[PDB]
Number of protein chains: 2
Amino acid sequence: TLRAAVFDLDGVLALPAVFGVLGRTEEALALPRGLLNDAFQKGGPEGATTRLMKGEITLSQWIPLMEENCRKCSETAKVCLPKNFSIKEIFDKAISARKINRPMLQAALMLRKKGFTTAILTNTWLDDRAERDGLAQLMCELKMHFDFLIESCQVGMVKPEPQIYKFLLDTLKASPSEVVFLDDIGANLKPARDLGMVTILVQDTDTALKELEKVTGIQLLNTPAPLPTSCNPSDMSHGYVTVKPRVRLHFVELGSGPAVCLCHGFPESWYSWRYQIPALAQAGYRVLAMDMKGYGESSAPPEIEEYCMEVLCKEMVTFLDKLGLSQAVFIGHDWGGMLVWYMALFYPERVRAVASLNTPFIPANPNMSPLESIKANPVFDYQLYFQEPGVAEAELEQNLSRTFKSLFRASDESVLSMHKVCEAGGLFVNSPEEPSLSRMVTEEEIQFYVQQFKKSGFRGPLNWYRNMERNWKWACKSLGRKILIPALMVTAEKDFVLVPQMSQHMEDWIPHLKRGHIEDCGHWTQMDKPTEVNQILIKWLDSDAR
Amino acid sequence: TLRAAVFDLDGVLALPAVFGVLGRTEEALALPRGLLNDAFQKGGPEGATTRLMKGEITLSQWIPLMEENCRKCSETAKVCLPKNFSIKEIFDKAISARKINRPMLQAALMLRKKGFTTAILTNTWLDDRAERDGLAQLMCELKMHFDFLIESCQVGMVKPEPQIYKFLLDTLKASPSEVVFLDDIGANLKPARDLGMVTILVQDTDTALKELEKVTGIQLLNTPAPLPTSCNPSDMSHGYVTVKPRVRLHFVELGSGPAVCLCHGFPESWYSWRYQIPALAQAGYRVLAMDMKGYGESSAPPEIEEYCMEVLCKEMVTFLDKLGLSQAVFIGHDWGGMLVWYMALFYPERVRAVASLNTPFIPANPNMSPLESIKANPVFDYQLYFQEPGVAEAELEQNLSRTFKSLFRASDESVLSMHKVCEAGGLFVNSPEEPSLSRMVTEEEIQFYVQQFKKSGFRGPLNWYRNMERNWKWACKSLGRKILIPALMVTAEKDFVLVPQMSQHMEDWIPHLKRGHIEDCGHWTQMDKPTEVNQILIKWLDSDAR
Ligand SMILES: Cc1n[nH]cc1-c1ccccc1
Ligand SMILES: Cc1n[nH]cc1-c1ccccc1
Ligand SMILES: Cc1n[nH]cc1-c1ccccc1
Ligand SMILES: Cc1n[nH]cc1-c1ccccc1
Ligand SMILES: Cc1n[nH]cc1-c1ccccc1
Ligand SMILES: Cc1n[nH]cc1-c1ccccc1
């Protein structure tokens, strides 16, 4: 029975294959057929290309050897190479044109998700070209999705040598009959077949996946659209910055490029951004996904005033200072979205660009108490229930599993009365004891939140809602200002508290405001519609944040 | 008695002052004298500029108001503003031209070092211009060196209003007679003088520093060249990455830009790079200063084989993978320098550029055992003393304070026989019990190393020296290769083990190799000559790493 799947890189996980480009170059240059492909494999096991693939020499050392091979091949065939013939130019162009074969990677992902051990087995080289980064990027993206990466130039062996196949089996800890092996080269497939492995000769991707589906008994073609890559907490880089003697902020960090600071809402975690972190890093950004003050591995001081917007914003400025960052793009959701607008208003020089999911920017009304304003909208009734220290902490901490399962639900899975709350006496009056698992979250994801909240509970988080008067006084100082830095407002059609209509007047205060809108999306935007969130954020970052 | 020093930003810590540029623009445009300076201060406490400085409006909102003021001023004076008159262009240019007044900052640094509380008190604005980053960078660099930064636009008060001065005193927790106040504006200096503060009217920096020196009784002018900014461990961002089930790597992180991975030697710490970390981040790089495997907060497994170069290099590749970095510049010293050459040789695609301090690149001799080679050079005798598990651990762990004080010494402060070692029976035979403190290190810096080494001791560190045969076998695979990526070799004149002469044949293997050389420099390069190291590294990074 199959339990491992092995994929080649060139012509399988990345397209197009070398044989095709050498063929195309020959056709473009009107060279004798097979000349370049012939000079490339010249000397077989004793040739320059074999030395390169075994890691005896680097790619830059191999270029001049390939050039000699081309000249010998041209001399024997009595033809002339064009005056401006450059192997370097040809090879630079072909490497950069090579892209991940997305449906093949999709199939590898599905097999692993079903319990298969997956590996990449490739005849590759040590790339020291000035343009090597393009290749490093492709390999870094690809490799993360597999259990193993076996590179000919690292192991000192090449396909079709029999030893690399026994090495592969040793690495997989599998018998040949338990392995499917996919390769676009018939000669490289043969030794695997000779050992008793299932082999797939890859020409067109669709037929290869049909053969793969048939042999594994797992549907790989025509499948529903997969979710974006998520995060495994234990595999992330965890960062810790002391912003003041009693306060440290924890963050998860991924990628290179402009700094993008993600700010979660209530009662959440850096983990609420799990589907955005890999996508934004792959899009060319350095992601800093915070545990906001009062949450997860960040400090959670007990005092209400430690959670006013002025204090929270000052600490995020200190966070940047200590990291040596002059700016960051600030992206927030819910209370994180509230924080990001205030960062834009009070610290524009430190904010490269600002984006909020669900949370609109509404200027403080100096002629009305926030308490007065809140009471007028019945959907904000829970905020009044949250005021009394200890009451909401007791209900929310009673059963963490129940709390998160009740909260984290799609628009059609509501389980709690988002009413009063106060008069019903609790957010969970008439709510199930053991709610059903939302289609949005797995049991494992719920248990992560449960474990995070065992450290500090709900006091710090609830304190974000206990500074209404103080926040209002501070916000009143900004009434003569406008937000003129790049800004994005993302509305969620089915957030029944932070309704899209609440954002309708934002252009009065943010004239250059850009927008996104997500249909059939509840309050938990990032995990409700991750694909849509990623598309909106990346498009906006690439156009307005650089 | 004075115990606090307050500095203005414009015309004191940053030059040149606004009044001068407005004057220059008037002269350049042949405008009536004082026209622009007049439109700028128009309306005094009720004017647009006061609203801007109090933070009522942002800089972008203030530009159009300043333009109207200019037109009213031109109308009354019966003159015409040129057709292409742009306040935006003028102000953009003046902000970018403004630079830190280095001697003034030097004096502020010296006063704080002597126990003064230091602060910046500035009439500033909320910058939302597309070019705001230039200013954010200047402020971020400046602010780190002071106890307080008081900005008019954050506190809603301006100089010369009396309240800002009482606010300043409250912040400093000082009586007016304990404060020196430096300002280039006479009107802004007056309220401080009226309270009883010592005041310095700053015109030319040298005279201001003479007045400052006289009043504080501390030499500030003509002082010896200061050391580069160091690191306070508790103020750094600390990162942690699990590279394998039992191994986590710790690093300190600072700055934005291309990733620069610093790799310390034996028996050191990320802290050995303390003078490089702020300088390289300020130079525009994202510094990742490692605790190498076996050190500080990184894991220290007991097995010798966990410390072979092949394993160490693979883990540094995993470290990059987990951080989502396709490449990093690798800079190493001693064993870190050995690691970086092997990273360049085995993982060129992951290495943006490579630099080593002291450690040369010498290819493995396949016709000789490393043990054979080592024995031939008497300066490497200690490496033979290090071979036996437990012997060197016992001597080095006996008294950590003694160990680090004996090791970390300048070229003229040698305290140990760097002889055999074996026959003398210990690195500390005939060495003092309580060595004198080297001019290179403070007691506090020594105690940091002492505290780091209490966690894992010397087993992991010494294991770096216990893989000679294994490292030699692995290095022999790379004999046909050359290092063709950007590379820098830095020699230290007075390193009596890793002598500059050992690097003499490197161009045979690294044809494009660039070099640096440090005179009167012992083995501990980074702390021996930090200014020189910073100059060499930054110049090289800017030309070859980007
Ligand atoms: C920020 C926020 N997140 N969720 C609900 C929120 C609020 C907060 C104050 C007032 C109205 C609504
Ligand atoms: C916590 C919260 N803040 N704002 C809205 C919230 C919701 C929305 C839907 C279901 C539960 C909770
Ligand atoms: C309380 C309030 N009233 N109006 C606006 C308010 C804010 C402002 C900043 C942060 C939270 C809430
Ligand atoms: C790397 C290193 N750092 N210091 C001394 C070193 C060595 C190591 C092996 C062989 C000779 C010299
Ligand atoms: C540890 C070490 N490795 N190489 C050279 C070393 C020195 C050099 C001078 C003084 C003490 C130790
Ligand atoms: C032992 C040895 N002999 N020659 C070169 C050697 C190396 C190579 C890599 C790392 C440490 C030492």
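Only one of the numbered conditions (1) assigned to a loop (DSSP other than H, G, I, E, B); (2) touching a helix residue (DSSP H, G or I) at 6+ places or on another chain (Cβ under 6 Å); (3) under 19 Å from residue B:526 (Cβ atoms) is violated by residue B:491, and that is (1).
Of the residues B:462, B:427, which single one is under 30 Å from residue B:390 (Cα atoms) and within 16 Å of ligand 6 (Cβ to nearest atom)?
Working: B:427 fails: within 16 Å of ligand 6 (Cβ to nearest atom).
Residue meeting the stated conditions: B:462.
Please enumerate the residues belonging to region A:294-309 that are surrounded by fewer than 22 Cβ atoms within 10 Å (Cβ to Cβ), away from chain B (no Cβ under 14 Å), of a type outside the set (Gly, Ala, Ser) and away from ligand 3 (no atom under 16 Å from the Cβ). Correct list: A:301, A:302, A:303.
Taking first residues from region A:468-487 that are within 11 Å of chain B (Cβ to nearest Cβ) and partners that are within 16 Å of ligand 4 (Cβ to nearest atom) and aliphatic (A, V, I, L, M), no Cβ contact under 9 Å between residues at least 6 apart in sequence or on separate chains turns up.
Selection of region B:220-255 for residues being at the interface with chain A (Cβ under 10 Å from one of its Cβ atoms), touching a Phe, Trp or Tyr at 6+ places or on another chain (Cβ under 8 Å) and assigned to a loop (DSSP other than H, G, I, E, B) yields only B:255. Name the single residue, out of those in region A:335-364 being within 9 Å of chain B (Cβ to nearest Cβ) and in contact (Cβ under 8 Å) with a residue 24 or more places away in the chain, that is nearest to residue A:538 (Cα to Cα). Among residues in region A:335-364 that are within 9 Å of chain B (Cβ to nearest Cβ) and in contact (Cβ under 8 Å) with a residue 24 or more places away in the chain, the one nearest to residue A:538 (Cα to Cα) is A:352. Is at least one residue of region B:406-420 without any contact (Cβ under 8 Å) to a residue 60 or more places away in the chain and away from ligand 5 (no atom under 13 Å from the Cβ)? Yes, the conditions are met somewhere in region B:406-420. Taking every residue in region B:42-61 that is part of a helix (DSSP H, G or I) and pairing it with any residue that is among the hydroxyl-bearing types (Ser, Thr, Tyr), at least 6 positions away or on another chain, the pairs with Cβ-Cβ distances below 8 Å are B:44/B:50; B:52/B:58; B:53/B:124; B:53/B:152.
Here is a yes/no grid of residues against (1) more than 27 Å from residue B:517 (Cβ to Cβ); (2) more than 16 Å from ligand 1 (Cβ to nearest atom); (3) charged (D, E, K, R):
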site	(1), (2), (3)
B:238	yes, yes, no
B:246	yes, yes, yes
B:270	no, yes, no
B:278	no, yes, no
B:283	no, yes, no
B:317	yes, yes, no
B:336	no, yes, no
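Between B:36, B:15, which is more than 16 Å from residue B:121 (Cβ to Cβ) and buried (at least 20 other Cβ atoms within 10 Å of the Cβ)?
Values: B:15 fails: buried (at least 20 other Cβ atoms within 10 Å of the Cβ).
Result: B:36 is the single residue among B:36, B:15 that is more than 16 Å from residue B:121 (Cβ to Cβ) and buried (at least 20 other Cβ atoms within 10 Å of the Cβ).
Checking every residue in region A:411-425 against the condition of being more than 14 Å from chain B (Cβ to nearest Cβ), within 16 Å of ligand 1 (Cβ to nearest atom), β-branched (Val, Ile, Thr) and part of a helix (DSSP H, G or I) gives at least one match. Highlighted here are the helices (runs of 4 or more DSSP H) found entirely within region B:87-196 that include at least 1 residues which are without any contact (Cβ under 8 Å) to a residue 40 or more places away in the chain and aromatic (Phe, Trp, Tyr): B:87-97, B:162-172.
Region B:427-482 holds helices (runs of 4 or more DSSP H) entirely within its bounds, and those carrying 3 or more residues that are within 16 Å of ligand 4 (Cβ to nearest atom) and surrounded by fewer than 20 Cβ atoms within 10 Å (Cβ to Cβ) map to B:468-476.
Regarding region B:7-17, can at least one residue be identified that is more than 30 Å from residue B:147 (Cβ to Cβ) and out of contact with any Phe, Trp or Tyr (no Cβ under 9 Å at 6 or more places or on another chain)? Taking every residue of region B:7-17 in turn, none turns out to be more than 30 Å from residue B:147 (Cβ to Cβ) and out of contact with any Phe, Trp or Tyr (no Cβ under 9 Å at 6 or more places or on another chain).
Only a single criterion out of (1) away from chain A (no Cβ under 11 Å); (2) more than 11 Å from ligand 4 (Cβ to nearest atom); (3) surrounded by fewer than 18 Cβ atoms within 10 Å (Cβ to Cβ); (4) not hydroxyl-bearing (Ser, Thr, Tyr) is not satisfied by residue B:371, namely (2). Considering the conditions (1) within 14 Å of chain A (Cβ to nearest Cβ); (2) within 25 Å of residue B:53 (Cβ to Cβ); (3) under 30 Å from the mean Cα position of the chain (by Cα), residue B:182 is excluded by exactly one of them, (1). Counting only residues that are crowded, with 16+ Cβ neighbours inside 10 Å, out of contact with any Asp or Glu (no Cβ under 9 Å at 6 or more places or on another chain) and within 14 Å of chain B (Cβ to nearest Cβ), region A:55-88 holds 5 of them. Scanning region A:516-533 for residues that are touching a residue at least 60 places away in the same chain (Cβ under 8 Å), surrounded by 20 or more Cβ atoms within 10 Å (Cβ to Cβ) and not in a loop (DSSP other than H, G, I, E, B) yields a count of 6. Every test in (1) among the charged types (D, E, K, R); (2) within 32 Å of the chain's Cα centre (by Cα); (3) not in a helix (DSSP H, G or I) is passed by residue B:507 save one, and that test is (3).
Each reported figure results from applying straightforward, stated rules to the coordinates on display, with no laboratory input. Don't worry about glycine lacking a Cβ; one is built from the backbone with ideal geometry, like all the others, and counts go over all protein chains shown.
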